[PDB]
Structures are given as structure tokens and as C-alpha cells.
Amino acid sequence: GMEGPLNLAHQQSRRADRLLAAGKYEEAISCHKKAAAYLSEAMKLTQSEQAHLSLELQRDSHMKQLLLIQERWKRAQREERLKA
């Protein structure tokens with residue numbers, strides 16, 4: 001049903017795993033960047049410091065994912081050229 005920004009951040013995070021497993025690196029990075037943007041929105045709605053700190057760590061986790069996926073994408077791009 002209904003979707004607020006935290007629900008959308010979680011939806012993008014689920015979609016990013018699907019796309020990365022399919023070898024769709026760029027699309028997976030975009031989902032992690034969208035999830036971080038939606039978390040930035042959800043962080044404006046927190047009423048407690050524990051919820052705020054936890055959403056901030058969740059957003060940073062998407063940044064760590066972006067770095068990992070970028071590195072893996074570069075490796076897959078080089079492999080693609082090597083095998084063509």
C-alpha cells in the first residue's frame with residue numbers, strides 16, 4: 001500500500017540487489033543513490049535521535065555499496081573488453 005520516503009528507500013535497496021545479481025551495475029548504483037536521497041528525506045521526519053542516527057548509518061551503508069559496486073563494475077567492464 002502507501003509509501004513514504006523510508007518505504008521508498010527500502011524499495012530501492014531491494015531493487016538494487018536484483019539488478020546487481022543480473023549484472024546491471026549502473027542501474028544498481030542508481031538505486032543506491034536513490035535510496036540515499038529518500039533516506040535524506042526520511043531523516044527530516046525523525047522524532048528521536050536513535051531513529052535519526054540509524055537512518056544516517058543506513059544512508060552511509062548505501063554509499064559503501066556504491067563504492068563496492070563501482071569497483072566491481074570497473075572489473076566487469078575490463079573483463080567484457082578482454083573477452084570480446
# chains A, B, ... in the order shown; residues from 1 in each chain; ligands from 1

$ select_by_dssp --residues "chain A" --states "alpha helix (DSSP H)" --output "PyMOL selection string"
chain A and resi 5-21+25-43+49-83

$ residues_around --residues "region 32-43 of chain A" --least-positions-apart "3" --cutoff "7 Å" --atoms "only C-alpha atoms" --output "PyMOL selection string"
chain A and resi 5-6+8-10+12-13+16+28-29+46+52+55+59+62+66

$ write_last_selection --atoms "N, CA, C and O atoms" --output "mmCIF file, in the first residue's frame"
data_model
loop_
_atom_site.group_PDB
_atom_site.id
_atom_site.type_symbol
_atom_site.label_atom_id
_atom_site.label_comp_id
_atom_site.auth_asym_id
_atom_site.auth_seq_id
_atom_site.Cartn_x
_atom_site.Cartn_y
_atom_site.Cartn_z
ATOM 1 N N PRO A 5 8.915 8.200 2.351
ATOM 2 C CA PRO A 5 10.288 8.117 1.815
ATOM 3 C C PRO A 5 11.128 6.955 2.370
ATOM 4 O O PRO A 5 11.937 6.411 1.626
ATOM 5 N N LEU A 6 10.932 6.565 3.632
ATOM 6 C CA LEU A 6 11.681 5.442 4.175
ATOM 7 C C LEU A 6 11.274 4.142 3.433
ATOM 8 O O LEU A 6 12.161 3.376 3.036
ATOM 9 N N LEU A 8 10.141 4.022 0.356
ATOM 10 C CA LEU A 8 10.761 4.067 -0.966
ATOM 11 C C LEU A 8 12.278 3.747 -0.937
ATOM 12 O O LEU A 8 12.776 3.111 -1.864
ATOM 13 N N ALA A 9 13.001 4.147 0.134
ATOM 14 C CA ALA A 9 14.434 3.878 0.265
ATOM 15 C C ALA A 9 14.668 2.361 0.351
ATOM 16 O O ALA A 9 15.490 1.817 -0.396
ATOM 17 N N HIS A 10 13.832 1.689 1.136
ATOM 18 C CA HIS A 10 13.877 0.245 1.293
ATOM 19 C C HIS A 10 13.518 -0.444 -0.042
ATOM 20 O O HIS A 10 14.163 -1.423 -0.401
ATOM 21 N N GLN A 12 14.044 0.818 -3.073
ATOM 22 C CA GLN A 12 15.187 0.937 -3.961
ATOM 23 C C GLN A 12 16.313 -0.012 -3.553
ATOM 24 O O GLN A 12 17.068 -0.484 -4.409
ATOM 25 N N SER A 13 16.477 -0.225 -2.251
ATOM 26 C CA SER A 13 17.529 -1.108 -1.794
ATOM 27 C C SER A 13 17.275 -2.557 -2.254
ATOM 28 O O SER A 13 18.205 -3.188 -2.755
ATOM 29 N N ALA A 16 18.023 -2.791 -6.004
ATOM 30 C CA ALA A 16 19.469 -2.720 -6.273
ATOM 31 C C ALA A 16 20.121 -4.109 -6.230
ATOM 32 O O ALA A 16 20.916 -4.424 -7.118
ATOM 33 N N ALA A 28 22.077 -0.615 -10.606
ATOM 34 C CA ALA A 28 22.206 -0.874 -9.160
ATOM 35 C C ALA A 28 22.778 0.340 -8.423
ATOM 36 O O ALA A 28 22.296 0.673 -7.343
ATOM 37 N N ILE A 29 23.765 1.028 -9.000
ATOM 38 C CA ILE A 29 24.322 2.229 -8.375
ATOM 39 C C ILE A 29 23.233 3.317 -8.266
ATOM 40 O O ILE A 29 23.089 3.940 -7.206
ATOM 41 N N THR A 46 12.246 12.240 11.366
ATOM 42 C CA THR A 46 12.518 11.515 12.612
ATOM 43 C C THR A 46 12.162 12.393 13.825
ATOM 44 O O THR A 46 12.214 13.624 13.752
ATOM 45 N N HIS A 52 17.069 8.817 13.976
ATOM 46 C CA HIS A 52 17.875 9.683 13.107
ATOM 47 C C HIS A 52 19.265 9.112 12.861
ATOM 48 O O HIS A 52 19.681 8.967 11.693
ATOM 49 N N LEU A 55 19.017 6.002 10.658
ATOM 50 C CA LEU A 55 18.764 6.248 9.233
ATOM 51 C C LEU A 55 20.035 6.795 8.572
ATOM 52 O O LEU A 55 20.342 6.432 7.430
ATOM 53 N N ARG A 59 21.970 5.342 5.394
ATOM 54 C CA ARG A 59 22.339 6.120 4.204
ATOM 55 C C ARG A 59 23.826 5.914 3.879
ATOM 56 O O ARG A 59 24.188 5.658 2.720
ATOM 57 N N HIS A 62 24.513 2.756 2.057
ATOM 58 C CA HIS A 62 24.270 2.809 0.608
ATOM 59 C C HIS A 62 25.517 3.411 -0.144
ATOM 60 O O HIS A 62 25.787 3.040 -1.310
ATOM 61 N N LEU A 66 27.779 1.805 -3.019
ATOM 62 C CA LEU A 66 28.114 2.491 -4.268
ATOM 63 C C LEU A 66 29.599 2.290 -4.580
ATOM 64 O O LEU A 66 29.962 1.969 -5.733
#

$ residues_around --residues "residue 69 (chain A)" --least-positions-apart "5" --cutoff "12 Å" --atoms "only C-alpha atoms" --output "PyMOL selection string"
chain A and resi 16-17+19-21+23-33+62-64+74-77

$ write_last_selection --atoms "N, CA and C atoms" --output "compact mmCIF listing (two decimals), in the first residue's frame"
# COMPACT_ATOMS: atom_id res chain seq x y z
N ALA A 16 18.02 -2.79 -6.00
CA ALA A 16 19.47 -2.72 -6.27
C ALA A 16 20.12 -4.11 -6.23
N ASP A 17 19.72 -4.97 -5.26
CA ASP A 17 20.23 -6.34 -5.15
C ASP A 17 19.85 -7.15 -6.39
N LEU A 19 19.04 -6.01 -9.45
CA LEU A 19 19.78 -5.53 -10.61
C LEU A 19 21.24 -5.94 -10.58
N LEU A 20 21.91 -5.87 -9.41
CA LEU A 20 23.32 -6.22 -9.32
C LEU A 20 23.53 -7.70 -9.62
N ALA A 21 22.61 -8.58 -9.14
CA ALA A 21 22.69 -10.02 -9.41
C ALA A 21 22.55 -10.29 -10.93
N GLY A 23 23.81 -8.34 -13.21
CA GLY A 23 24.96 -7.71 -13.85
C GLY A 23 24.68 -6.29 -14.33
N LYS A 24 23.59 -5.67 -13.81
CA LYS A 24 23.20 -4.32 -14.20
C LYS A 24 23.78 -3.35 -13.20
N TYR A 25 25.09 -3.11 -13.30
CA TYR A 25 25.89 -2.30 -12.35
C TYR A 25 25.43 -0.86 -12.24
N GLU A 26 25.27 -0.18 -13.38
CA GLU A 26 24.87 1.21 -13.37
C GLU A 26 23.49 1.40 -12.72
N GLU A 27 22.53 0.53 -13.08
CA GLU A 27 21.16 0.57 -12.55
C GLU A 27 21.19 0.31 -11.05
N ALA A 28 22.08 -0.62 -10.61
CA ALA A 28 22.21 -0.87 -9.16
C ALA A 28 22.78 0.34 -8.42
N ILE A 29 23.77 1.03 -9.00
CA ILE A 29 24.32 2.23 -8.38
C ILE A 29 23.23 3.32 -8.27
N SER A 30 22.44 3.49 -9.33
CA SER A 30 21.36 4.48 -9.33
C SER A 30 20.36 4.19 -8.21
N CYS A 31 20.01 2.90 -7.99
CA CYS A 31 19.09 2.56 -6.91
C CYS A 31 19.69 2.92 -5.56
N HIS A 32 21.01 2.67 -5.36
CA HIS A 32 21.62 3.01 -4.06
C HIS A 32 21.70 4.52 -3.83
N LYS A 33 21.89 5.30 -4.90
CA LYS A 33 21.91 6.74 -4.83
C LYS A 33 20.47 7.25 -4.58
N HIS A 62 24.51 2.76 2.06
CA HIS A 62 24.27 2.81 0.61
C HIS A 62 25.52 3.41 -0.14
N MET A 63 26.25 4.34 0.53
CA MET A 63 27.48 4.94 -0.01
C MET A 63 28.58 3.92 -0.09
N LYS A 64 28.67 3.02 0.93
CA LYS A 64 29.67 1.96 0.90
C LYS A 64 29.35 0.98 -0.23
N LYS A 74 33.93 -1.68 -12.74
CA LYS A 74 35.20 -1.43 -13.47
C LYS A 74 35.85 -2.77 -13.85
N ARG A 75 35.93 -3.71 -12.88
CA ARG A 75 36.45 -5.04 -13.12
C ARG A 75 35.65 -5.78 -14.25
N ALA A 76 34.30 -5.71 -14.22
CA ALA A 76 33.42 -6.37 -15.19
C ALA A 76 33.55 -5.75 -16.57
N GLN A 77 33.74 -4.42 -16.60
CA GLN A 77 33.96 -3.70 -17.87
C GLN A 77 35.27 -4.15 -18.52

$ atom_distance --atom1 "CA of residue 4 (chain A)" --atom2 "CA of residue 44 (chain A)"
12.1 Å

$ atom_distance --atom1 "CA of residue 61 (chain A)" --atom2 "CA of residue 73 (chain A)"
18.1 Å
